[PDB]
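Asker: So that you have it, the file is upload_24.pdb, and it contains PDB, C-alpha atoms:
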ATOM      1  CA  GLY A 256       0.000   0.000   0.000  1.00  0.00           C
ATOM      2  CA  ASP A 257       2.868   2.476  -0.478  1.00  0.00           C
ATOM      3  CA  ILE A 258       4.273   3.397  -3.890  1.00  0.00           C
ATOM      4  CA  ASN A 259       7.799   3.908  -2.552  1.00  0.00           C
ATOM      5  CA  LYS A 260       7.993   0.209  -1.649  1.00  0.00           C
ATOM      6  CA  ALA A 261       7.131  -0.934  -5.187  1.00  0.00           C
ATOM      7  CA  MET A 262       9.754  -3.075  -6.910  1.00  0.00           C
ATOM      8  CA  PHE A 263       8.791  -2.476 -10.547  1.00  0.00           C
ATOM      9  CA  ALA A 264       6.480  -0.452 -12.777  1.00  0.00           C
ATOM     10  CA  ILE A 265       5.669  -0.692 -16.491  1.00  0.00           C
ATOM     11  CA  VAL A 266       4.268   1.933 -18.882  1.00  0.00           C
ATOM     12  CA  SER A 267       3.175   1.464 -22.493  1.00  0.00           C
ATOM     13  CA  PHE A 268       3.250   4.568 -24.675  1.00  0.00           C
ATOM     14  CA  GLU A 269       3.190   5.572 -28.327  1.00  0.00           C
ATOM     15  CA  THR A 270       6.234   6.870 -30.221  1.00  0.00           C
ATOM     16  CA  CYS A 271       7.537   7.364 -33.748  1.00  0.00           C
ATOM     17  CA  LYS A 272      11.049   6.849 -35.070  1.00  0.00           C
ATOM     18  CA  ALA A 273      11.856  10.570 -34.935  1.00  0.00           C
ATOM     19  CA  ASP A 274      11.698  10.617 -31.134  1.00  0.00           C
ATOM     20  CA  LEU A 275      13.961   7.572 -30.944  1.00  0.00           C
ATOM     21  CA  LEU A 276      16.468   9.196 -33.310  1.00  0.00           C
ATOM     22  CA  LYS A 277      16.440  12.421 -31.265  1.00  0.00           C
ATOM     23  CA  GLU A 278      19.025  10.681 -29.030  1.00  0.00           C
ATOM     24  CA  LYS A 279      21.068   8.321 -31.203  1.00  0.00           C
ATOM     25  CA  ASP A 280      23.454   7.327 -28.405  1.00  0.00           C
ATOM     26  CA  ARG A 281      20.779   6.127 -25.989  1.00  0.00           C
ATOM     27  CA  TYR A 282      18.802   3.797 -28.268  1.00  0.00           C
ATOM     28  CA  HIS A 283      20.421   0.854 -30.046  1.00  0.00           C
ATOM     29  CA  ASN A 284      19.233  -2.074 -32.132  1.00  0.00           C
ATOM     30  CA  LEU A 285      16.604  -0.180 -34.144  1.00  0.00           C
ATOM     31  CA  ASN A 286      17.390  -1.902 -37.447  1.00  0.00           C
ATOM     32  CA  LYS A 287      15.516  -5.125 -36.636  1.00  0.00           C
ATOM     33  CA  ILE A 288      12.151  -3.367 -36.440  1.00  0.00           C
ATOM     34  CA  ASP A 289      10.526  -3.085 -39.868  1.00  0.00           C
ATOM     35  CA  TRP A 290       9.172   0.445 -40.276  1.00  0.00           C
ATOM     36  CA  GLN A 291       8.027  -0.195 -43.858  1.00  0.00           C
ATOM     37  CA  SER A 292       4.911  -1.793 -42.371  1.00  0.00           C
ATOM     38  CA  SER A 293       3.511  -2.172 -38.855  1.00  0.00           C
ATOM     39  CA  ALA A 294       6.115  -4.238 -37.053  1.00  0.00           C
ATOM     40  CA  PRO A 295       4.398  -3.927 -33.678  1.00  0.00           C
ATOM     41  CA  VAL A 296       1.495  -5.731 -35.328  1.00  0.00           C
ATOM     42  CA  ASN A 297       0.044  -6.275 -31.848  1.00  0.00           C
ATOM     43  CA  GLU A 298      -0.207  -3.440 -29.325  1.00  0.00           C
ATOM     44  CA  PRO A 299      -1.481  -5.083 -26.126  1.00  0.00           C
ATOM     45  CA  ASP A 300      -3.983  -2.910 -24.262  1.00  0.00           C
ATOM     46  CA  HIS A 301      -2.740   0.677 -24.585  1.00  0.00           C
ATOM     47  CA  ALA A 302      -6.234   2.145 -24.543  1.00  0.00           C
ATOM     48  CA  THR A 303      -5.926   5.302 -26.623  1.00  0.00           C
ATOM     49  CA  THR A 304      -8.244   7.835 -28.217  1.00  0.00           C
ATOM     50  CA  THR A 305      -6.525   7.275 -31.574  1.00  0.00           C
ATOM     51  CA  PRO A 306      -8.969   5.744 -34.081  1.00  0.00           C
TER      52      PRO A 306
ATOM     53  CA  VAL B 202      -1.124 -30.203 -55.124  1.00  0.00           C
ATOM     54  CA  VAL B 203      -0.450 -26.471 -55.274  1.00  0.00           C
ATOM     55  CA  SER B 204       1.367 -25.083 -58.302  1.00  0.00           C
ATOM     56  CA  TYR B 205       2.672 -21.752 -59.546  1.00  0.00           C
ATOM     57  CA  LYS B 206      -0.534 -20.950 -61.425  1.00  0.00           C
ATOM     58  CA  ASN B 207      -2.597 -21.302 -58.246  1.00  0.00           C
ATOM     59  CA  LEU B 208      -0.427 -18.731 -56.468  1.00  0.00           C
ATOM     60  CA  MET B 209      -0.613 -16.351 -59.429  1.00  0.00           C
ATOM     61  CA  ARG B 210      -4.402 -16.701 -59.547  1.00  0.00           C
ATOM     62  CA  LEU B 211      -4.695 -16.081 -55.804  1.00  0.00           C
ATOM     63  CA  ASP B 212      -2.616 -12.924 -56.149  1.00  0.00           C
ATOM     64  CA  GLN B 213      -4.802 -11.762 -59.039  1.00  0.00           C
ATOM     65  CA  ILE B 214      -7.972 -12.344 -57.012  1.00  0.00           C
ATOM     66  CA  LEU B 215      -6.570 -10.439 -54.042  1.00  0.00           C
ATOM     67  CA  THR B 216      -5.561  -7.532 -56.276  1.00  0.00           C
ATOM     68  CA  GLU B 217      -9.116  -7.456 -57.649  1.00  0.00           C
ATOM     69  CA  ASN B 218     -10.582  -7.419 -54.123  1.00  0.00           C
ATOM     70  CA  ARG B 219      -8.518  -4.245 -53.500  1.00  0.00           C
ATOM     71  CA  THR B 220      -6.867  -5.868 -50.491  1.00  0.00           C
ATOM     72  CA  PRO B 221      -3.938  -3.707 -49.315  1.00  0.00           C
ATOM     73  CA  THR B 222      -0.380  -4.999 -49.623  1.00  0.00           C
ATOM     74  CA  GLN B 223       1.301  -5.849 -46.324  1.00  0.00           C
ATOM     75  CA  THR B 224       4.987  -5.337 -47.160  1.00  0.00           C
ATOM     76  CA  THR B 225       7.296  -3.807 -49.760  1.00  0.00           C
ATOM     77  CA  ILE B 226       9.736  -5.051 -52.379  1.00  0.00           C
ATOM     78  CA  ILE B 227      13.438  -5.560 -51.648  1.00  0.00           C
ATOM     79  CA  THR B 228      16.300  -4.296 -53.779  1.00  0.00           C
ATOM     80  CA  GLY B 229      19.433  -6.401 -53.775  1.00  0.00           C
ATOM     81  CA  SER B 230      22.624  -5.945 -51.784  1.00  0.00           C
ATOM     82  CA  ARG B 231      26.211  -5.713 -52.980  1.00  0.00           C
ATOM     83  CA  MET B 232      27.173  -9.175 -51.700  1.00  0.00           C
ATOM     84  CA  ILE B 233      27.643 -11.954 -54.250  1.00  0.00           C
ATOM     85  CA  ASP B 234      24.843 -14.515 -54.681  1.00  0.00           C
ATOM     86  CA  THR B 235      22.078 -12.182 -53.482  1.00  0.00           C
ATOM     87  CA  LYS B 236      18.849 -11.724 -55.425  1.00  0.00           C
ATOM     88  CA  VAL B 237      15.915  -9.327 -55.315  1.00  0.00           C
ATOM     89  CA  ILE B 238      12.510 -10.298 -53.906  1.00  0.00           C
ATOM     90  CA  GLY B 239       9.335  -8.605 -55.094  1.00  0.00           C
ATOM     91  CA  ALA B 240       6.978 -10.202 -52.573  1.00  0.00           C
ATOM     92  CA  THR B 241       4.372  -7.957 -50.980  1.00  0.00           C
ATOM     93  CA  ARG B 242       2.077 -10.334 -49.062  1.00  0.00           C
ATOM     94  CA  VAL B 243       2.378 -12.867 -46.242  1.00  0.00           C
ATOM     95  CA  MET B 244       1.255 -16.509 -46.256  1.00  0.00           C
ATOM     96  CA  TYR B 245       0.968 -18.952 -43.352  1.00  0.00           C
ATOM     97  CA  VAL B 246       1.717 -22.645 -43.946  1.00  0.00           C
ATOM     98  CA  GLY B 247       2.274 -25.688 -41.782  1.00  0.00           C
ATOM     99  CA  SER B 248       5.719 -27.148 -41.273  1.00  0.00           C
ATOM    100  CA  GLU B 249       4.987 -30.299 -43.275  1.00  0.00           C
ATOM    101  CA  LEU B 250       3.997 -28.446 -46.444  1.00  0.00           C
ATOM    102  CA  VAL B 251       7.432 -26.821 -46.745  1.00  0.00           C
ATOM    103  CA  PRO B 252       9.230 -29.609 -48.699  1.00  0.00           C
ATOM    104  CA  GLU B 253       6.597 -29.550 -51.446  1.00  0.00           C
ATOM    105  CA  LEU B 254       6.928 -25.777 -51.764  1.00  0.00           C
ATOM    106  CA  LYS B 255      10.712 -26.131 -51.913  1.00  0.00           C
ATOM    107  CA  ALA B 256      10.455 -28.608 -54.796  1.00  0.00           C
ATOM    108  CA  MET B 257       8.195 -26.226 -56.750  1.00  0.00           C
ATOM    109  CA  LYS B 258       9.070 -25.140 -60.299  1.00  0.00           C
ATOM    110  CA  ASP B 259       8.013 -21.938 -62.052  1.00  0.00           C
ATOM    111  CA  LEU B 260       6.697 -21.461 -65.596  1.00  0.00           C
ATOM    112  CA  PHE B 261      10.117 -21.708 -67.265  1.00  0.00           C
ATOM    113  CA  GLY B 262      11.389 -24.527 -65.031  1.00  0.00           C
ATOM    114  CA  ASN B 263      13.484 -22.423 -62.655  1.00  0.00           C
ATOM    115  CA  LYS B 264      13.440 -22.588 -58.862  1.00  0.00           C
ATOM    116  CA  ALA B 265      10.406 -20.904 -57.328  1.00  0.00           C
ATOM    117  CA  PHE B 266      11.390 -20.933 -53.628  1.00  0.00           C
ATOM    118  CA  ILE B 267      13.996 -18.368 -52.562  1.00  0.00           C
ATOM    119  CA  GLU B 268      15.533 -18.987 -49.154  1.00  0.00           C
ATOM    120  CA  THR B 269      16.034 -16.262 -46.567  1.00  0.00           C
ATOM    121  CA  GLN B 270      19.824 -16.494 -46.697  1.00  0.00           C
ATOM    122  CA  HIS B 271      19.837 -14.886 -50.142  1.00  0.00           C
ATOM    123  CA  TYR B 272      17.988 -11.695 -49.180  1.00  0.00           C
ATOM    124  CA  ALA B 273      18.756 -11.485 -45.458  1.00  0.00           C
ATOM    125  CA  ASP B 274      21.103  -8.635 -46.326  1.00  0.00           C
ATOM    126  CA  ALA B 275      19.453  -5.412 -47.578  1.00  0.00           C
ATOM    127  CA  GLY B 276      16.139  -6.544 -46.073  1.00  0.00           C
ATOM    128  CA  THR B 277      14.386  -7.586 -42.886  1.00  0.00           C
ATOM    129  CA  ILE B 278      13.394 -11.122 -41.900  1.00  0.00           C
ATOM    130  CA  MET B 279      10.015 -11.552 -40.263  1.00  0.00           C
ATOM    131  CA  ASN B 280       9.782 -13.955 -37.350  1.00  0.00           C
ATOM    132  CA  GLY B 281       9.406 -17.558 -38.471  1.00  0.00           C
ATOM    133  CA  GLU B 282      10.026 -16.785 -42.146  1.00  0.00           C
ATOM    134  CA  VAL B 283      11.428 -19.521 -44.379  1.00  0.00           C
ATOM    135  CA  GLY B 284      11.471 -18.025 -47.882  1.00  0.00           C
ATOM    136  CA  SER B 285       9.570 -16.278 -50.647  1.00  0.00           C
ATOM    137  CA  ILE B 286       7.577 -17.521 -53.648  1.00  0.00           C
ATOM    138  CA  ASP B 287       6.221 -15.171 -56.336  1.00  0.00           C
ATOM    139  CA  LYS B 288       4.325 -12.408 -54.445  1.00  0.00           C
ATOM    140  CA  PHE B 289       4.171 -14.202 -51.079  1.00  0.00           C
ATOM    141  CA  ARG B 290       6.599 -14.397 -48.166  1.00  0.00           C
ATOM    142  CA  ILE B 291       6.055 -17.806 -46.586  1.00  0.00           C
ATOM    143  CA  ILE B 292       5.887 -17.948 -42.784  1.00  0.00           C
ATOM    144  CA  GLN B 293       5.974 -21.335 -41.062  1.00  0.00           C
ATOM    145  CA  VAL B 294       3.616 -21.789 -38.104  1.00  0.00           C
ATOM    146  CA  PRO B 295       4.751 -24.711 -35.904  1.00  0.00           C
ATOM    147  CA  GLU B 296       1.271 -25.421 -34.475  1.00  0.00           C
ATOM    148  CA  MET B 297      -0.853 -25.011 -37.616  1.00  0.00           C
ATOM    149  CA  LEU B 298      -3.954 -27.217 -37.774  1.00  0.00           C
ATOM    150  CA  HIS B 299      -5.474 -29.332 -40.542  1.00  0.00           C
ATOM    151  CA  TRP B 300      -8.502 -31.458 -41.371  1.00  0.00           C
ATOM    152  CA  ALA B 301      -7.683 -35.170 -41.142  1.00  0.00           C
TER     153      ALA B 301
END
Take the structure in this file and express it as structure tokens.
Answerer:
Amino acid sequence: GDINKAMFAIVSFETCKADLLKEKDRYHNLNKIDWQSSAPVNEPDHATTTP
Amino acid sequence: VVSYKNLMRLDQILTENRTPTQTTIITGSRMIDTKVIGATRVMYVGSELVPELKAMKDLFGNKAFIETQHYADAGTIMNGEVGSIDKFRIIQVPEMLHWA
């Protein structure tokens, strides 16, 4: 019952490749994802207002 | 048994239905023994249909199944992929069902 004791937390959000390339040093291994089509074909939950 | 003409006819039917194309074509790399792949759809097959597809011949008698090692460079490999025939990229599903 206290957030400071929590061991882990997970957030699912929506991004495009431009944000990831804003910081080239931080993010690696981007080549495997296929941006030509929807490579995250499944997006579990992530209830969003986007149609 | 499936043949090249069946795959061509299925592609023609899907183009008529105005079904969108899942993926894009691949231009070759600079490495020797690497060939282009103009396949823009995805097909799911069982594991025990793969040998028959591998033995398939095209209209002029050439090989119809192109393995992933040829176009791994200058392209991406979807999970579970085994090769490409005509317009389709074949993906092998280990637990695919059938009518017996």
Asker: Once the ChimeraX specification (/B :<9) & /A is applied to the coordinates I shared, what remains selected? I want it as a VMD selection string.
Answerer: chain A and resid 286 to 289 291 to 294
Asker: When the PyMOL selection byres ((chain B and resi 227-231) around 12) is applied to the structure above, which residues does it catch, written out as a list in words?
Answerer: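 After applying the PyMOL selection byres ((chain B and resi 227-231) around 12), what remains is residues 291 of chain A; 224, 225, 226, 232, 233, 234, 235, 236, 237, 238, 239, 240, 241, 271, 272, 273, 274, 275, 276, 277, 278, 285, 288 and 290 of chain B.
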Asker: Apply the PyMOL selection byres ((chain B and resi 257-262) around 10) to the file shown and report the selected residues as a list in words.
Answerer: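 On the file shown, the PyMOL selection byres ((chain B and resi 257-262) around 10) covers residues 203, 204, 205, 206, 252, 253, 254, 255, 256, 263, 264, 265, 266, 286 and 287 of chain B.
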Asker: What gap, in Å, lies between atom CA of residue 280 of chain A and atom CA of residue 299 of chain A?
Answerer: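 The value is 27.9 Å.
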Asker: Could you tell me how far atom CA of residue 294 of chain B lies from atom CA of residue 242 of chain B, in Å and to one decimal?
Answerer: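 Computed distance, atom CA of residue 294 of chain B to atom CA of residue 242 of chain B, equals 15.9 Å.
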Asker: Mind giving me the straight-line distance from atom CA of residue 296 of chain B to atom CA of residue 216 of chain B in Å, one decimal?
Answerer: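 Taking atom CA of residue 296 of chain B as the start and atom CA of residue 216 of chain B as the end point, the length is 29.0 Å.
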Asker: Find the smallest box with edges along x, y and z containing every listed atom of segment 274-278 of chain B, then add 3 Å on each side and report centre and edge lengths in Å to one decimal, as lines of an AutoDock Vina configuration file.
Answerer:
center_x = 17.2
center_y = -8.3
center_z = -44.7
size_x = 13.7
size_y = 11.7
size_z = 11.7
Asker: Find the residue from B:248, B:280, B:289, B:221 that sits nearest to residue 209 of chain B; use only C-alpha atoms when measuring.
Answerer: B:289
Asker: Write out as a list in words the residues lying within 12 Å of residue 282 of chain A, counting only C-alpha atoms and excluding same-chain residues fewer than 6 positions away.
Answerer: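 Near neighbours after the sequence-gap exclusion: residues 272, 273, 274, 275 and 276 of chain A.
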Asker: Would you mind completing segment 274-297 of chain A so that it carries N, CA, C and O atoms, and writing it out as a JSON list (two decimals), in the frame of the given file?
Answerer:
[["chain", "number", "residue", "atom", "x", "y", "z"],
["A", 274, "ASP", "N", 11.35, 10.47, -32.54],
["A", 274, "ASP", "CA", 11.70, 10.62, -31.13],
["A", 274, "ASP", "C", 12.86, 9.71, -30.76],
["A", 274, "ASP", "O", 13.75, 10.12, -30.00],
["A", 275, "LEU", "N", 12.88, 8.49, -31.27],
["A", 275, "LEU", "CA", 13.96, 7.57, -30.94],
["A", 275, "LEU", "C", 15.28, 8.05, -31.53],
["A", 275, "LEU", "O", 16.34, 7.86, -30.93],
["A", 276, "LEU", "N", 15.24, 8.67, -32.71],
["A", 276, "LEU", "CA", 16.47, 9.20, -33.31],
["A", 276, "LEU", "C", 16.86, 10.56, -32.77],
["A", 276, "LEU", "O", 17.94, 11.06, -33.13],
["A", 277, "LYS", "N", 16.02, 11.20, -31.95],
["A", 277, "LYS", "CA", 16.44, 12.42, -31.26],
["A", 277, "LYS", "C", 17.72, 12.20, -30.47],
["A", 277, "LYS", "O", 18.61, 13.06, -30.47],
["A", 278, "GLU", "N", 17.83, 11.07, -29.78],
["A", 278, "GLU", "CA", 19.02, 10.68, -29.03],
["A", 278, "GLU", "C", 19.55, 9.39, -29.64],
["A", 278, "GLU", "O", 19.06, 8.30, -29.33],
["A", 279, "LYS", "N", 20.54, 9.50, -30.53],
["A", 279, "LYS", "CA", 21.07, 8.32, -31.20],
["A", 279, "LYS", "C", 21.89, 7.46, -30.25],
["A", 279, "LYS", "O", 21.90, 6.23, -30.37],
["A", 280, "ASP", "N", 22.61, 8.09, -29.32],
["A", 280, "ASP", "CA", 23.45, 7.33, -28.40],
["A", 280, "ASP", "C", 22.63, 6.40, -27.52],
["A", 280, "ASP", "O", 23.02, 5.25, -27.29],
["A", 281, "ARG", "N", 21.50, 6.87, -27.01],
["A", 281, "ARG", "CA", 20.78, 6.13, -25.99],
["A", 281, "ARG", "C", 20.15, 4.85, -26.54],
["A", 281, "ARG", "O", 20.23, 3.80, -25.91],
["A", 282, "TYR", "N", 19.54, 4.92, -27.72],
["A", 282, "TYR", "CA", 18.80, 3.80, -28.27],
["A", 282, "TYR", "C", 19.65, 3.04, -29.28],
["A", 282, "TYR", "O", 20.23, 3.64, -30.19],
["A", 283, "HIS", "N", 19.72, 1.73, -29.12],
["A", 283, "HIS", "CA", 20.42, 0.85, -30.05],
["A", 283, "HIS", "C", 19.44, -0.13, -30.66],
["A", 283, "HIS", "O", 18.27, -0.19, -30.27],
["A", 284, "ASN", "N", 19.93, -0.89, -31.63],
["A", 284, "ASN", "CA", 19.23, -2.07, -32.13],
["A", 284, "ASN", "C", 17.90, -1.71, -32.78],
["A", 284, "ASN", "O", 16.91, -2.43, -32.64],
["A", 285, "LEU", "N", 17.85, -0.59, -33.50],
["A", 285, "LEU", "CA", 16.60, -0.18, -34.14],
["A", 285, "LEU", "C", 16.42, -0.82, -35.51],
["A", 285, "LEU", "O", 15.32, -0.75, -36.08],
["A", 286, "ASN", "N", 17.46, -1.44, -36.06],
["A", 286, "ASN", "CA", 17.39, -1.90, -37.45],
["A", 286, "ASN", "C", 16.47, -3.11, -37.60],
["A", 286, "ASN", "O", 15.90, -3.33, -38.67],
["A", 287, "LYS", "N", 16.32, -3.91, -36.54],
["A", 287, "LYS", "CA", 15.52, -5.12, -36.64],
["A", 287, "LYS", "C", 14.04, -4.81, -36.86],
["A", 287, "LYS", "O", 13.34, -5.55, -37.56],
["A", 288, "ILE", "N", 13.55, -3.73, -36.26],
["A", 288, "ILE", "CA", 12.15, -3.37, -36.44],
["A", 288, "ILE", "C", 11.93, -2.92, -37.87],
["A", 288, "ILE", "O", 12.69, -2.11, -38.42],
["A", 289, "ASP", "N", 10.88, -3.45, -38.50],
["A", 289, "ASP", "CA", 10.53, -3.08, -39.87],
["A", 289, "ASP", "C", 9.56, -1.91, -39.84],
["A", 289, "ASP", "O", 8.39, -2.07, -39.48],
["A", 290, "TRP", "N", 10.03, -0.73, -40.22],
["A", 290, "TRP", "CA", 9.17, 0.44, -40.28],
["A", 290, "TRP", "C", 8.43, 0.58, -41.60],
["A", 290, "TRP", "O", 7.57, 1.46, -41.71],
["A", 291, "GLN", "N", 8.73, -0.27, -42.58],
["A", 291, "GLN", "CA", 8.03, -0.20, -43.86],
["A", 291, "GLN", "C", 6.56, -0.57, -43.69],
["A", 291, "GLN", "O", 5.69, -0.02, -44.38],
["A", 292, "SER", "N", 6.27, -1.51, -42.80],
["A", 292, "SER", "CA", 4.91, -1.79, -42.37],
["A", 292, "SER", "C", 4.85, -1.79, -40.84],
["A", 292, "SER", "O", 5.82, -1.44, -40.16],
["A", 293, "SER", "N", 3.70, -2.18, -40.30],
["A", 293, "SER", "CA", 3.51, -2.17, -38.85],
["A", 293, "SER", "C", 4.21, -3.36, -38.21],
["A", 293, "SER", "O", 3.69, -4.47, -38.22],
["A", 294, "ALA", "N", 5.39, -3.12, -37.64],
["A", 294, "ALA", "CA", 6.12, -4.24, -37.05],
["A", 294, "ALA", "C", 5.56, -4.57, -35.67],
["A", 294, "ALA", "O", 5.33, -5.76, -35.38],
["A", 295, "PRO", "N", 5.33, -3.60, -34.76],
["A", 295, "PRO", "CA", 4.40, -3.93, -33.68],
["A", 295, "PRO", "C", 2.99, -4.19, -34.21],
["A", 295, "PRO", "O", 2.09, -3.36, -34.13],
["A", 296, "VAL", "N", 2.80, -5.38, -34.79],
["A", 296, "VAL", "CA", 1.50, -5.73, -35.33],
["A", 296, "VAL", "C", 0.46, -5.81, -34.21],
["A", 296, "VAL", "O", -0.70, -5.41, -34.38],
["A", 297, "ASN", "N", 0.88, -6.28, -33.04],
["A", 297, "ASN", "CA", 0.04, -6.28, -31.85],
["A", 297, "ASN", "C", 0.50, -5.17, -30.91],
["A", 297, "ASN", "O", 1.69, -4.97, -30.69]]
